[PDB]
file start-v1.txt (compact mmCIF, N, CA and C atoms)
# COMPACT_ATOMS: atom_id res chain seq x y z
N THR A 484 20.21 11.63 15.76
CA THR A 484 21.02 11.65 16.98
C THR A 484 20.24 10.96 18.10
N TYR A 485 20.08 11.61 19.25
CA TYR A 485 19.28 10.99 20.28
C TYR A 485 17.83 10.95 19.84
N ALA A 486 17.23 9.77 19.86
CA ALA A 486 15.82 9.65 19.50
C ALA A 486 15.08 8.82 20.52
N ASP A 487 15.64 8.69 21.72
CA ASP A 487 15.02 7.80 22.70
C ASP A 487 13.62 8.25 23.04
N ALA A 488 12.68 7.30 23.02
CA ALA A 488 11.29 7.63 23.30
C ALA A 488 10.71 6.59 24.22
N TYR A 489 9.74 6.98 25.04
CA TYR A 489 9.08 5.99 25.86
C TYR A 489 7.65 5.82 25.38
N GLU A 490 7.32 4.63 24.90
CA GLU A 490 5.94 4.37 24.49
C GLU A 490 5.09 4.24 25.75
N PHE A 491 3.86 4.71 25.69
CA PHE A 491 3.02 4.67 26.88
C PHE A 491 2.06 3.51 26.85
N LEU A 492 2.26 2.58 25.92
CA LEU A 492 1.41 1.40 25.86
C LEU A 492 1.57 0.60 27.14
N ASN A 493 2.80 0.46 27.60
CA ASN A 493 3.04 -0.25 28.85
C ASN A 493 2.97 0.71 30.03
N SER A 494 1.76 1.14 30.40
CA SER A 494 1.58 2.03 31.55
C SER A 494 2.36 3.33 31.50
N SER A 495 2.91 3.74 32.64
CA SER A 495 3.68 4.98 32.71
C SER A 495 5.00 4.72 33.40
N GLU A 496 5.61 3.57 33.14
CA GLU A 496 6.84 3.22 33.84
C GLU A 496 7.93 4.24 33.58
N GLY A 497 8.68 4.59 34.62
CA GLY A 497 9.70 5.62 34.49
C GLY A 497 9.08 7.00 34.47
N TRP A 498 8.18 7.26 33.52
CA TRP A 498 7.50 8.54 33.49
C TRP A 498 6.26 8.55 34.36
N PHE A 499 6.43 8.32 35.66
CA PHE A 499 5.30 8.39 36.59
C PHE A 499 5.04 9.84 36.94
N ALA A 500 3.84 10.17 37.38
CA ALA A 500 3.57 11.54 37.80
C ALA A 500 3.38 11.65 39.30
N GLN A 501 4.26 12.40 39.96
CA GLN A 501 4.10 12.63 41.39
C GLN A 501 3.02 13.66 41.62
N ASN A 502 2.26 13.50 42.70
CA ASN A 502 1.20 14.46 43.05
C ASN A 502 0.20 14.62 41.92
N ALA A 503 -0.07 13.54 41.20
CA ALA A 503 -1.02 13.59 40.09
C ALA A 503 -1.60 12.21 39.86
N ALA A 504 -2.76 12.14 39.22
CA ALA A 504 -3.32 10.84 38.89
C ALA A 504 -2.95 10.52 37.45
N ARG A 505 -1.99 9.62 37.28
CA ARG A 505 -1.56 9.24 35.94
C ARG A 505 -2.39 8.10 35.39
N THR A 506 -3.63 8.38 35.00
CA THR A 506 -4.45 7.34 34.41
C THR A 506 -3.80 6.95 33.10
N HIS A 507 -3.76 5.66 32.81
CA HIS A 507 -3.06 5.23 31.62
C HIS A 507 -3.97 4.62 30.57
N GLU A 508 -3.82 5.06 29.33
CA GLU A 508 -4.59 4.49 28.25
C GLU A 508 -3.54 3.84 27.39
N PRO A 509 -3.79 2.63 26.89
CA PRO A 509 -2.68 2.06 26.13
C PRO A 509 -2.29 2.98 24.98
N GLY A 510 -1.00 3.27 24.85
CA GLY A 510 -0.52 4.16 23.81
C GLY A 510 -0.50 5.63 24.17
N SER A 511 -0.98 5.99 25.36
CA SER A 511 -0.95 7.38 25.80
C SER A 511 -1.01 7.54 27.31
N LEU A 512 -0.61 8.70 27.81
CA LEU A 512 -0.76 8.92 29.23
C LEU A 512 -1.87 9.91 29.39
N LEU A 513 -3.01 9.48 29.93
CA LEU A 513 -4.09 10.42 30.20
C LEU A 513 -3.88 10.98 31.58
N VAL A 514 -2.81 11.75 31.76
CA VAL A 514 -2.49 12.27 33.09
C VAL A 514 -3.46 13.36 33.53
N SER A 515 -3.91 13.30 34.78
CA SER A 515 -4.77 14.35 35.31
C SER A 515 -3.94 15.14 36.30
N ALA A 516 -3.83 16.44 36.11
CA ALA A 516 -2.99 17.26 36.97
C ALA A 516 -3.73 17.76 38.21
N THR A 517 -3.82 16.92 39.24
CA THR A 517 -4.56 17.31 40.45
C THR A 517 -3.93 18.51 41.14
N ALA A 518 -2.61 18.54 41.25
CA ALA A 518 -1.93 19.69 41.84
C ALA A 518 -1.92 20.83 40.83
N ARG A 519 -1.72 22.05 41.30
CA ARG A 519 -1.62 23.16 40.35
C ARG A 519 -0.43 22.95 39.43
N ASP A 520 0.70 22.54 39.99
CA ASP A 520 1.88 22.27 39.17
C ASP A 520 2.51 20.92 39.51
N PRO A 521 1.87 19.83 39.09
CA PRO A 521 2.40 18.50 39.39
C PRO A 521 3.65 18.22 38.58
N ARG A 522 4.54 17.40 39.11
CA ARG A 522 5.77 17.10 38.42
C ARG A 522 5.75 15.66 37.95
N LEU A 523 6.10 15.44 36.69
CA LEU A 523 6.14 14.08 36.18
C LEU A 523 7.56 13.59 36.24
N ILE A 524 7.80 12.56 37.04
CA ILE A 524 9.15 12.02 37.17
C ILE A 524 9.56 11.30 35.90
N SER A 525 10.86 11.19 35.66
CA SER A 525 11.34 10.56 34.45
C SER A 525 12.15 9.34 34.82
N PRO A 526 12.37 8.43 33.86
CA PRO A 526 13.19 7.27 34.15
C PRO A 526 14.60 7.69 34.54
N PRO A 527 15.27 6.90 35.39
CA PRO A 527 16.59 7.29 35.90
C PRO A 527 17.70 7.43 34.86
N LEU A 528 17.53 6.86 33.67
CA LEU A 528 18.62 6.90 32.70
C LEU A 528 19.04 8.32 32.35
N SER A 529 20.35 8.56 32.31
CA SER A 529 20.87 9.88 31.99
C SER A 529 20.74 10.24 30.51
N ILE A 530 20.47 11.51 30.22
CA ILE A 530 20.36 11.95 28.83
C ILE A 530 21.38 13.04 28.50
N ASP A 531 22.21 12.81 27.49
CA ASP A 531 23.23 13.79 27.13
C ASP A 531 22.62 15.04 26.53
N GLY A 532 23.08 16.20 26.99
CA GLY A 532 22.57 17.44 26.45
C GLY A 532 22.89 17.65 24.99
N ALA A 533 24.12 17.34 24.60
CA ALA A 533 24.53 17.51 23.21
C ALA A 533 23.79 16.58 22.27
N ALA A 534 23.61 15.34 22.68
CA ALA A 534 22.97 14.36 21.80
C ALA A 534 21.54 14.75 21.48
N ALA A 535 20.82 15.25 22.47
CA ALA A 535 19.43 15.60 22.25
C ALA A 535 19.34 17.07 21.90
N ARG A 536 18.83 17.39 20.72
CA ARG A 536 18.64 18.79 20.38
C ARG A 536 17.28 19.30 20.83
N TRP A 537 16.33 18.39 21.01
CA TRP A 537 15.01 18.77 21.49
C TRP A 537 14.28 17.60 22.11
N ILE A 538 13.20 17.87 22.83
CA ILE A 538 12.40 16.77 23.34
C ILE A 538 11.21 16.74 22.42
N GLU A 539 11.08 15.67 21.65
CA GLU A 539 9.95 15.54 20.75
C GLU A 539 8.78 14.90 21.48
N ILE A 540 8.14 15.66 22.35
CA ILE A 540 7.00 15.14 23.08
C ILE A 540 5.82 14.94 22.15
N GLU A 541 5.03 13.91 22.39
CA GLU A 541 3.83 13.70 21.59
C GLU A 541 2.67 14.27 22.36
N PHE A 542 2.97 14.95 23.46
CA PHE A 542 1.91 15.46 24.32
C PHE A 542 0.97 16.48 23.71
N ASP A 543 -0.32 16.31 23.97
CA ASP A 543 -1.30 17.30 23.52
C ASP A 543 -2.23 17.38 24.71
N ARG A 544 -2.78 18.55 24.99
CA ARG A 544 -3.61 18.68 26.17
C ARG A 544 -5.07 18.50 25.80
N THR A 545 -5.66 17.38 26.21
CA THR A 545 -7.06 17.12 25.88
C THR A 545 -7.96 18.16 26.51
N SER A 546 -7.70 18.49 27.77
CA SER A 546 -8.46 19.54 28.44
C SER A 546 -7.84 20.85 28.03
N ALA A 547 -8.52 21.96 28.30
CA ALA A 547 -7.91 23.25 28.02
C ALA A 547 -7.34 23.82 29.30
N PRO A 548 -6.01 23.86 29.41
CA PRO A 548 -5.37 24.43 30.59
C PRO A 548 -4.42 25.52 30.17
N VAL A 549 -3.51 25.89 31.06
CA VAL A 549 -2.50 26.86 30.69
C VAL A 549 -1.20 26.18 31.02
N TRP A 550 -0.74 25.29 30.14
CA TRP A 550 0.46 24.53 30.45
C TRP A 550 1.67 25.42 30.60
N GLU A 551 2.45 25.19 31.65
CA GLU A 551 3.63 26.00 31.94
C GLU A 551 4.31 25.41 33.16
N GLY A 552 5.16 26.20 33.81
CA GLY A 552 5.86 25.73 34.98
C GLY A 552 7.30 25.44 34.65
N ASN A 553 8.16 25.45 35.67
CA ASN A 553 9.57 25.26 35.40
C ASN A 553 9.93 23.80 35.49
N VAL A 554 10.12 23.17 34.34
CA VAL A 554 10.42 21.75 34.34
C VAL A 554 11.75 21.54 35.02
N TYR A 555 11.84 20.53 35.87
CA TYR A 555 13.06 20.31 36.60
C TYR A 555 13.91 19.32 35.85
N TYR A 556 15.09 19.74 35.44
CA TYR A 556 15.99 18.83 34.77
C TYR A 556 17.12 18.66 35.75
N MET A 557 17.41 17.43 36.14
CA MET A 557 18.55 17.26 37.02
C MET A 557 19.67 16.43 36.45
N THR A 558 20.84 17.03 36.32
CA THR A 558 21.98 16.25 35.90
C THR A 558 22.44 15.61 37.19
N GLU A 559 23.32 14.63 37.12
CA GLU A 559 23.70 13.93 38.33
C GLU A 559 24.29 14.90 39.33
N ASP A 560 25.15 15.81 38.87
CA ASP A 560 25.71 16.82 39.75
C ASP A 560 24.68 17.81 40.29
N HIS A 561 23.75 18.25 39.45
CA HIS A 561 22.80 19.28 39.88
C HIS A 561 21.91 18.85 41.02
N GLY A 562 21.37 17.65 40.94
CA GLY A 562 20.44 17.20 41.96
C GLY A 562 19.06 17.68 41.55
N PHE A 563 18.01 17.02 42.03
CA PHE A 563 16.66 17.50 41.73
C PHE A 563 16.46 18.87 42.34
N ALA A 564 16.95 19.06 43.56
CA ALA A 564 16.85 20.36 44.20
C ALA A 564 17.74 21.35 43.46
N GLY A 565 17.33 22.61 43.42
CA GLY A 565 18.09 23.59 42.67
C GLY A 565 18.14 23.21 41.21
N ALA A 566 19.34 23.12 40.64
CA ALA A 566 19.51 22.74 39.23
C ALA A 566 19.03 23.83 38.30
N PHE A 567 18.76 23.47 37.06
CA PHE A 567 18.22 24.45 36.14
C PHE A 567 16.79 24.09 35.82
N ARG A 568 15.90 25.05 35.99
CA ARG A 568 14.51 24.82 35.63
C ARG A 568 14.12 25.86 34.60
N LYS A 569 13.53 25.42 33.50
CA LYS A 569 13.09 26.36 32.49
C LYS A 569 11.59 26.48 32.54
N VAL A 570 11.11 27.70 32.72
CA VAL A 570 9.68 27.91 32.74
C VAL A 570 9.28 28.11 31.30
N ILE A 571 8.86 27.03 30.66
CA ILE A 571 8.46 27.13 29.27
C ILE A 571 7.16 27.88 29.16
N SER A 572 7.10 28.81 28.22
CA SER A 572 5.88 29.57 28.01
C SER A 572 4.87 28.67 27.33
N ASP A 573 3.59 29.01 27.44
CA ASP A 573 2.61 28.23 26.72
C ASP A 573 2.99 28.39 25.27
N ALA A 574 3.05 27.28 24.55
CA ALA A 574 3.45 27.31 23.15
C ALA A 574 2.19 27.19 22.35
N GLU A 575 1.05 27.45 22.98
CA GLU A 575 -0.24 27.31 22.32
C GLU A 575 -0.42 25.88 21.85
N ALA A 576 -0.01 24.93 22.70
CA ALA A 576 -0.20 23.53 22.37
C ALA A 576 -1.70 23.33 22.30
N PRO A 577 -2.16 22.42 21.43
CA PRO A 577 -3.61 22.33 21.28
C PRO A 577 -4.32 22.05 22.58
N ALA A 578 -5.34 22.85 22.88
CA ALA A 578 -6.12 22.66 24.09
C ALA A 578 -7.23 21.70 23.76
N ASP A 579 -7.36 21.38 22.47
CA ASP A 579 -8.37 20.43 22.04
C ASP A 579 -7.82 19.02 22.10
N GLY A 580 -6.52 18.90 22.37
CA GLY A 580 -5.90 17.59 22.44
C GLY A 580 -5.56 16.99 21.09
N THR A 581 -5.63 17.79 20.04
CA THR A 581 -5.28 17.31 18.72
C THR A 581 -3.81 16.97 18.72
N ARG A 582 -3.40 15.97 17.95
CA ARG A 582 -2.01 15.53 18.03
C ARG A 582 -1.03 16.65 17.78
N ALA A 583 -0.03 16.75 18.64
CA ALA A 583 0.96 17.80 18.49
C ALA A 583 2.36 17.24 18.57
N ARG A 584 3.22 17.64 17.64
CA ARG A 584 4.62 17.23 17.73
C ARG A 584 5.27 18.28 18.61
N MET A 585 4.98 18.24 19.90
CA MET A 585 5.50 19.27 20.78
C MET A 585 7.01 19.18 20.80
N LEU A 586 7.66 20.33 20.68
CA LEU A 586 9.11 20.33 20.69
C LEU A 586 9.64 21.24 21.77
N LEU A 587 10.45 20.70 22.67
CA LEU A 587 11.08 21.54 23.68
C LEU A 587 12.53 21.44 23.33
N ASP A 588 13.16 22.54 22.95
CA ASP A 588 14.54 22.42 22.49
C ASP A 588 15.51 22.22 23.63
N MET A 589 16.26 21.13 23.59
CA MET A 589 17.28 20.88 24.60
C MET A 589 18.38 21.91 24.49
N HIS A 590 18.70 22.31 23.26
CA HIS A 590 19.71 23.34 23.08
C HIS A 590 19.21 24.58 23.78
N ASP A 591 17.92 24.89 23.64
CA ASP A 591 17.34 26.02 24.35
C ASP A 591 17.39 25.78 25.85
N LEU A 592 17.16 24.54 26.26
CA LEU A 592 17.17 24.21 27.67
C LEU A 592 18.59 23.96 28.13
N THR A 593 19.40 25.01 28.18
CA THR A 593 20.75 24.85 28.69
C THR A 593 20.64 24.75 30.20
N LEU A 594 21.23 23.72 30.77
CA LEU A 594 21.19 23.54 32.22
C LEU A 594 22.30 24.36 32.81
N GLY A 595 22.13 25.68 32.82
CA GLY A 595 23.16 26.55 33.32
C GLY A 595 24.23 26.86 32.29
N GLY A 596 24.06 26.38 31.06
CA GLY A 596 25.02 26.71 30.02
C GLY A 596 25.41 25.59 29.09
N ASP A 597 26.56 25.73 28.43
CA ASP A 597 27.05 24.69 27.53
C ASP A 597 27.46 23.45 28.29
N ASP A 598 27.66 23.58 29.60
CA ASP A 598 28.03 22.44 30.43
C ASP A 598 26.91 21.43 30.35
N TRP A 599 25.70 21.90 30.11
CA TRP A 599 24.56 21.01 29.96
C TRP A 599 24.77 20.06 28.80
N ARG A 600 25.36 20.54 27.72
CA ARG A 600 25.52 19.68 26.57
C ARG A 600 26.36 18.50 27.02
N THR A 601 27.43 18.76 27.75
CA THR A 601 28.23 17.68 28.31
C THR A 601 27.46 16.91 29.37
N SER A 602 26.71 17.62 30.20
CA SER A 602 25.99 16.99 31.31
C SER A 602 24.90 16.03 30.87
N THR A 603 24.72 14.96 31.64
CA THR A 603 23.68 14.01 31.32
C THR A 603 22.62 14.08 32.41
N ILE A 604 21.37 14.30 32.04
CA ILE A 604 20.34 14.48 33.05
C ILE A 604 19.71 13.14 33.43
N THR A 605 20.01 12.68 34.64
CA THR A 605 19.46 11.41 35.09
C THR A 605 17.95 11.43 35.26
N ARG A 606 17.42 12.47 35.87
CA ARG A 606 15.98 12.49 36.14
C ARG A 606 15.32 13.81 35.79
N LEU A 607 14.08 13.75 35.34
CA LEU A 607 13.36 14.95 34.95
C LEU A 607 12.04 15.05 35.68
N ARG A 608 11.73 16.21 36.24
CA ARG A 608 10.42 16.38 36.84
C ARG A 608 9.72 17.32 35.89
N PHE A 609 8.64 16.87 35.28
CA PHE A 609 7.98 17.71 34.30
C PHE A 609 6.92 18.52 35.00
N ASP A 610 7.26 19.75 35.35
CA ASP A 610 6.30 20.60 36.02
C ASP A 610 5.21 20.97 35.03
N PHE A 611 3.97 20.92 35.48
CA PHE A 611 2.86 21.24 34.60
C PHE A 611 1.93 22.20 35.30
N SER A 612 2.37 23.43 35.51
CA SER A 612 1.47 24.41 36.09
C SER A 612 0.38 24.58 35.07
N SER A 613 -0.87 24.50 35.50
CA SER A 613 -1.97 24.57 34.56
C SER A 613 -3.25 24.87 35.29
N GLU A 614 -4.03 23.82 35.54
CA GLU A 614 -5.31 23.98 36.22
C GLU A 614 -5.53 22.73 37.05
N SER A 615 -6.45 22.80 38.01
CA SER A 615 -6.76 21.61 38.78
C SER A 615 -7.33 20.56 37.85
N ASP A 616 -6.86 19.32 37.98
CA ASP A 616 -7.34 18.22 37.14
C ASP A 616 -7.22 18.49 35.64
N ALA A 617 -6.13 19.13 35.23
CA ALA A 617 -5.91 19.36 33.81
C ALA A 617 -5.55 18.05 33.13
N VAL A 618 -6.11 17.79 31.96
CA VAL A 618 -5.86 16.51 31.30
C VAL A 618 -4.99 16.66 30.07
N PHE A 619 -3.93 15.86 30.01
CA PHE A 619 -3.05 15.89 28.85
C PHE A 619 -2.93 14.47 28.34
N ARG A 620 -2.75 14.31 27.04
CA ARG A 620 -2.55 12.98 26.48
C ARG A 620 -1.13 12.90 25.97
N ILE A 621 -0.33 12.00 26.54
CA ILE A 621 1.05 11.89 26.11
C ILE A 621 1.32 10.54 25.48
N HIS A 622 1.37 10.50 24.16
CA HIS A 622 1.67 9.25 23.47
C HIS A 622 3.09 8.74 23.66
N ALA A 623 4.07 9.64 23.59
CA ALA A 623 5.48 9.25 23.70
C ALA A 623 6.38 10.42 24.07
N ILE A 624 7.63 10.14 24.42
CA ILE A 624 8.58 11.21 24.73
C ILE A 624 9.87 11.03 23.94
N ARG A 625 9.83 11.31 22.65
CA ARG A 625 11.01 11.16 21.79
C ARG A 625 12.09 12.19 22.03
N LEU A 626 13.34 11.84 21.76
CA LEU A 626 14.43 12.81 21.87
C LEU A 626 14.72 13.47 20.52
N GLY A 627 15.66 14.41 20.47
CA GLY A 627 15.92 15.16 19.24
C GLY A 627 17.35 15.24 18.74
N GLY A 628 17.54 15.68 17.50
CA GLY A 628 18.87 15.76 16.94
C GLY A 628 19.00 16.27 15.52
call {"tool": "encode", "arguments": {"input": "start-v1.txt", "output": "structure tokens"}}
result
Amino acid sequence: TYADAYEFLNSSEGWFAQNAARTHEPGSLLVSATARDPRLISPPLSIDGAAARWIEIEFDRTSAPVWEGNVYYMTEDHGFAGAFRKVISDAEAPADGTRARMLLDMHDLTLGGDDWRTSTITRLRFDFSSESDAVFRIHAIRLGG
């Protein structure tokens, strides 16, 4: 189904990090989380809730932090403000930075309900409550189905 992914070889276009230092390594995002909960902006393209069953993030945390925070998903109607934010629990993603097929279920991430499946999220702020200068390596952001 939806399998859209952003390779990080070409910098961090679209997936820039606000309030954070997004150092880029070809093929990965060596993002440093300067803020306690920095938000990573997403490309403007809308993503259908139904099409994506999960977010197949390639993210692994090279540093050891406590990844969490309410990721901001905004459908065009919702707006970045308000909207639905899911505070994902630490999924025990490797703190050693070993490769992880991190999965965030879109079906689980209902943006206020089944309306999300119909709704298309134009922009995503990836909140990363963790630690000062927490380091994560993000190879890609694949979609699910």
call {"tool": "atom_distance", "arguments": {"input": "start-v1.txt", "atom1": "CA of residue 538 (chain A)", "atom2": "atom N of residue 515 (chain A)"}}
result
20.2 Å
call {"tool": "residues_near_point", "arguments": {"input": "start-v1.txt", "point": "(-4.0, 9.3, 27.1)", "cutoff": "6.5 Å", "atoms": "only N, CA and C atoms", "output": "PyMOL selection string"}}
result
chain A and resi 506-508+510-514+619-622
call {"tool": "write_last_selection", "arguments": {"input": "start-v1.txt", "atoms": "N, CA and C atoms", "output": "PDB file, in the coordinates of the input"}}
result
ATOM      1  N   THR A 506      -3.630   8.380  35.000  1.00  0.00           N
ATOM      2  CA  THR A 506      -4.450   7.340  34.410  1.00  0.00           C
ATOM      3  C   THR A 506      -3.800   6.950  33.100  1.00  0.00           C
ATOM      4  N   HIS A 507      -3.760   5.660  32.810  1.00  0.00           N
ATOM      5  CA  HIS A 507      -3.060   5.230  31.620  1.00  0.00           C
ATOM      6  C   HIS A 507      -3.970   4.620  30.570  1.00  0.00           C
ATOM      7  N   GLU A 508      -3.820   5.060  29.330  1.00  0.00           N
ATOM      8  CA  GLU A 508      -4.590   4.490  28.250  1.00  0.00           C
ATOM      9  C   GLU A 508      -3.540   3.840  27.390  1.00  0.00           C
ATOM     10  N   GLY A 510      -1.000   3.270  24.850  1.00  0.00           N
ATOM     11  CA  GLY A 510      -0.520   4.160  23.810  1.00  0.00           C
ATOM     12  C   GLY A 510      -0.500   5.630  24.170  1.00  0.00           C
ATOM     13  N   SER A 511      -0.980   5.990  25.360  1.00  0.00           N
ATOM     14  CA  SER A 511      -0.950   7.380  25.800  1.00  0.00           C
ATOM     15  C   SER A 511      -1.010   7.540  27.310  1.00  0.00           C
ATOM     16  N   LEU A 512      -0.610   8.700  27.810  1.00  0.00           N
ATOM     17  CA  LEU A 512      -0.760   8.920  29.230  1.00  0.00           C
ATOM     18  C   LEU A 512      -1.870   9.910  29.390  1.00  0.00           C
ATOM     19  N   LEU A 513      -3.010   9.480  29.930  1.00  0.00           N
ATOM     20  CA  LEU A 513      -4.090  10.420  30.200  1.00  0.00           C
ATOM     21  C   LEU A 513      -3.880  10.980  31.580  1.00  0.00           C
ATOM     22  N   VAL A 514      -2.810  11.750  31.760  1.00  0.00           N
ATOM     23  CA  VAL A 514      -2.490  12.270  33.090  1.00  0.00           C
ATOM     24  C   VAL A 514      -3.460  13.360  33.530  1.00  0.00           C
ATOM     25  N   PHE A 619      -3.930  15.860  30.010  1.00  0.00           N
ATOM     26  CA  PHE A 619      -3.050  15.890  28.850  1.00  0.00           C
ATOM     27  C   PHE A 619      -2.930  14.470  28.340  1.00  0.00           C
ATOM     28  N   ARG A 620      -2.750  14.310  27.040  1.00  0.00           N
ATOM     29  CA  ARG A 620      -2.550  12.980  26.480  1.00  0.00           C
ATOM     30  C   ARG A 620      -1.130  12.900  25.970  1.00  0.00           C
ATOM     31  N   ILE A 621      -0.330  12.000  26.540  1.00  0.00           N
ATOM     32  CA  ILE A 621       1.050  11.890  26.110  1.00  0.00           C
ATOM     33  C   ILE A 621       1.320  10.540  25.480  1.00  0.00           C
ATOM     34  N   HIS A 622       1.370  10.500  24.160  1.00  0.00           N
ATOM     35  CA  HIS A 622       1.670   9.250  23.470  1.00  0.00           C
ATOM     36  C   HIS A 622       3.090   8.740  23.660  1.00  0.00           C
TER      37      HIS A 622
END
call {"tool": "residues_around", "arguments": {"input": "start-v1.txt", "residues": "residue 493 (chain A)", "least_positions_apart": "2", "cutoff": "6.5 Å", "atoms": "only N, CA and C atoms", "output": "PyMOL selection string"}}
result
chain A and resi 490-491+495-496+509-510
call {"tool": "write_last_selection", "arguments": {"input": "start-v1.txt", "atoms": "N, CA and C atoms", "output": "PDB file, in the frame of the given file"}}
result
ATOM      1  N   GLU A 490       7.320   4.630  24.900  1.00  0.00           N
ATOM      2  CA  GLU A 490       5.940   4.370  24.490  1.00  0.00           C
ATOM      3  C   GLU A 490       5.090   4.240  25.750  1.00  0.00           C
ATOM      4  N   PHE A 491       3.860   4.710  25.690  1.00  0.00           N
ATOM      5  CA  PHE A 491       3.020   4.670  26.880  1.00  0.00           C
ATOM      6  C   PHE A 491       2.060   3.510  26.850  1.00  0.00           C
ATOM      7  N   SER A 495       2.910   3.740  32.640  1.00  0.00           N
ATOM      8  CA  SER A 495       3.680   4.980  32.710  1.00  0.00           C
ATOM      9  C   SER A 495       5.000   4.720  33.400  1.00  0.00           C
ATOM     10  N   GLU A 496       5.610   3.570  33.140  1.00  0.00           N
ATOM     11  CA  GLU A 496       6.840   3.220  33.840  1.00  0.00           C
ATOM     12  C   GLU A 496       7.930   4.240  33.580  1.00  0.00           C
ATOM     13  N   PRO A 509      -3.790   2.630  26.890  1.00  0.00           N
ATOM     14  CA  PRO A 509      -2.680   2.060  26.130  1.00  0.00           C
ATOM     15  C   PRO A 509      -2.290   2.980  24.980  1.00  0.00           C
ATOM     16  N   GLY A 510      -1.000   3.270  24.850  1.00  0.00           N
ATOM     17  CA  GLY A 510      -0.520   4.160  23.810  1.00  0.00           C
ATOM     18  C   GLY A 510      -0.500   5.630  24.170  1.00  0.00           C
TER      19      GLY A 510
END
call {"tool": "closest_residue", "arguments": {"input": "start-v1.txt", "among": "A:618, A:504, A:564, A:571", "to": "residue 546 (chain A)", "atoms": "all atoms listed in the file"}}
result
A:618
call {"tool": "closest_residue", "arguments": {"input": "start-v1.txt", "among": "A:598, A:575, A:626, A:580", "to": "residue 545 (chain A)", "atoms": "only N, CA and C atoms"}}
result
A:580
call {"tool": "atom_distance", "arguments": {"input": "start-v1.txt", "atom1": "CA of residue 623 (chain A)", "atom2": "CA of residue 599 (chain A)"}}
result
23.3 Å
call {"tool": "atom_distance", "arguments": {"input": "start-v1.txt", "atom1": "atom N of residue 572 (chain A)", "atom2": "atom C of residue 556 (chain A)"}}
result
16.1 Å
call {"tool": "closest_residue", "arguments": {"input": "start-v1.txt", "among": "A:606, A:505, A:544, A:561", "to": "residue 583 (chain A)", "atoms": "only N, CA and C atoms"}}
result
A:544
call {"tool": "residues_around", "arguments": {"input": "start-v1.txt", "residues": "residue 594 (chain A)", "least_positions_apart": "5", "cutoff": "6.5 Å", "atoms": "all atoms listed in the file", "output": "PyMOL selection string"}}
result
chain A and resi 566-567+599-600
call {"tool": "write_last_selection", "arguments": {"input": "start-v1.txt", "atoms": "N, CA and C atoms", "output": "PDB file, in the coordinates of the input"}}
result
ATOM      1  N   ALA A 566      19.340  23.120  40.640  1.00  0.00           N
ATOM      2  CA  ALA A 566      19.510  22.740  39.230  1.00  0.00           C
ATOM      3  C   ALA A 566      19.030  23.830  38.300  1.00  0.00           C
ATOM      4  N   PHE A 567      18.760  23.470  37.060  1.00  0.00           N
ATOM      5  CA  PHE A 567      18.220  24.450  36.140  1.00  0.00           C
ATOM      6  C   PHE A 567      16.790  24.090  35.820  1.00  0.00           C
ATOM      7  N   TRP A 599      25.700  21.900  30.110  1.00  0.00           N
ATOM      8  CA  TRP A 599      24.560  21.010  29.960  1.00  0.00           C
ATOM      9  C   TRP A 599      24.770  20.060  28.800  1.00  0.00           C
ATOM     10  N   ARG A 600      25.360  20.540  27.720  1.00  0.00           N
ATOM     11  CA  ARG A 600      25.520  19.680  26.570  1.00  0.00           C
ATOM     12  C   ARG A 600      26.360  18.500  27.020  1.00  0.00           C
TER      13      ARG A 600
END
call {"tool": "closest_residue", "arguments": {"input": "start-v1.txt", "among": "A:523, A:547, A:592, A:534", "to": "residue 614 (chain A)", "atoms": "only N, CA and C atoms"}}
result
A:547
call {"tool": "closest_residue", "arguments": {"input": "start-v1.txt", "among": "A:570, A:554, A:576, A:535", "to": "residue 522 (chain A)", "atoms": "only N, CA and C atoms"}}
result
A:554
call {"tool": "closest_residue", "arguments": {"input": "start-v1.txt", "among": "A:551, A:487, A:541, A:579", "to": "residue 610 (chain A)", "atoms": "all atoms listed in the file"}}
result
A:551
call {"tool": "select_by_dssp", "arguments": {"input": "start-v1.txt", "residues": "region 490-627 of chain A", "states": "alpha helix (DSSP H)", "output": "number ranges by chain"}}
result
A: 598-601
call {"tool": "residues_near_point", "arguments": {"input": "start-v1.txt", "point": "(15.3, 8.7, 26.5)", "cutoff": "9 Å", "atoms": "only C-alpha atoms", "output": "compact mmCIF listing (two decimals) with N, CA and C atoms, in the coordinates of the input"}}
result
# COMPACT_ATOMS: atom_id res chain seq x y z
N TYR A 485 20.08 11.61 19.25
CA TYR A 485 19.28 10.99 20.28
C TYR A 485 17.83 10.95 19.84
N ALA A 486 17.23 9.77 19.86
CA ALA A 486 15.82 9.65 19.50
C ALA A 486 15.08 8.82 20.52
N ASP A 487 15.64 8.69 21.72
CA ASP A 487 15.02 7.80 22.70
C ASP A 487 13.62 8.25 23.04
N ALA A 488 12.68 7.30 23.02
CA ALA A 488 11.29 7.63 23.30
C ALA A 488 10.71 6.59 24.22
N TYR A 489 9.74 6.98 25.04
CA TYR A 489 9.08 5.99 25.86
C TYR A 489 7.65 5.82 25.38
N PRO A 526 12.37 8.43 33.86
CA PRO A 526 13.19 7.27 34.15
C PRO A 526 14.60 7.69 34.54
N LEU A 528 17.53 6.86 33.67
CA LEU A 528 18.62 6.90 32.70
C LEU A 528 19.04 8.32 32.35
N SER A 529 20.35 8.56 32.31
CA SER A 529 20.87 9.88 31.99
C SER A 529 20.74 10.24 30.51
N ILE A 530 20.47 11.51 30.22
CA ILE A 530 20.36 11.95 28.83
C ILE A 530 21.38 13.04 28.50
N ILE A 624 7.63 10.14 24.42
CA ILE A 624 8.58 11.21 24.73
C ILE A 624 9.87 11.03 23.94
N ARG A 625 9.83 11.31 22.65
CA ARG A 625 11.01 11.16 21.79
C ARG A 625 12.09 12.19 22.03
N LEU A 626 13.34 11.84 21.76
CA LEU A 626 14.43 12.81 21.87
C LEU A 626 14.72 13.47 20.52
